[PDB]
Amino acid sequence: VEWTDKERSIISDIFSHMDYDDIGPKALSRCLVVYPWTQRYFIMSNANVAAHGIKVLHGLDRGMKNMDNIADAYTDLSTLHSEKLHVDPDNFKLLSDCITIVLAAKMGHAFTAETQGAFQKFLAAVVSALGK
């Protein structure tokens, strides 16, 4: 989509100061607790949940590296979660919100509205690519 140099910098900055082993597990754990119906696909101490939590951020990393091709970068995963895993699409938005809330807790006041905006646009783009 249309990215600004500022958005590219913010997203790049967020990812370079994000500890995937910390954020991934926390975001997925929170999602399974806040929206319990997503527990079916698999809470805080479960290594399997932690593992997939890390994989999610690593999956985002891929889109952060090639922000211009976000749509085509997720074809393999869109099909996996859809055809094989049968994850209802609405759940991508639920996880996205949890990732945002977890990142907000880590960044504190550094997670400005502008930072939130760029990040939400980034996740919206990834979510669409996943439901594609």
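In this text, rigid core is short for the largest set of C-alphas that superpose within 1.5 Å between two forms. The first residue of the shown sequence is 1; numbering continues from there.
_Farther-lying stretch by C-alpha RMS in 5 other deposited structures of this protein, rigid core as reference, of 100-108 and 76-84_ = The answer is 76-84, which departs more from the shown form in 5 other deposited structures of this protein.
*Would you mind working out which of 67-75 and 50-58 sits farther from this form in 5 other deposited structures of this protein by RMS C-alpha distance, with the rigid core as the fit?*
Higher root mean square deviation of C-alphas in 5 other deposited structures of this protein is shown by 50-58.
*Scan the PDB entry between residue 37 and residue 38 and report the missing deposited residues as one of none, 1 to 3, 4 to 9, 10 or more.*
In the deposited sequence, nothing is left without coordinates between these two.
*Averaging only over Cα atoms, indicate whether 4-12 or 123-131 has the higher B-factor in the PDB entry.*
Stretch with the higher mean C-alpha B-factor: 123-131.
*Could you check the entry and say whether 98-106 or 48-56 has the higher mean CA B-factor?*
So the stretch with the higher mean C-alpha B-factor is 48-56.
_Lowest, middle or highest third: which one holds residue 86 when the chain's residues are ordered by CA B-factor from the entry?_
Top third by C-alpha B-factor.
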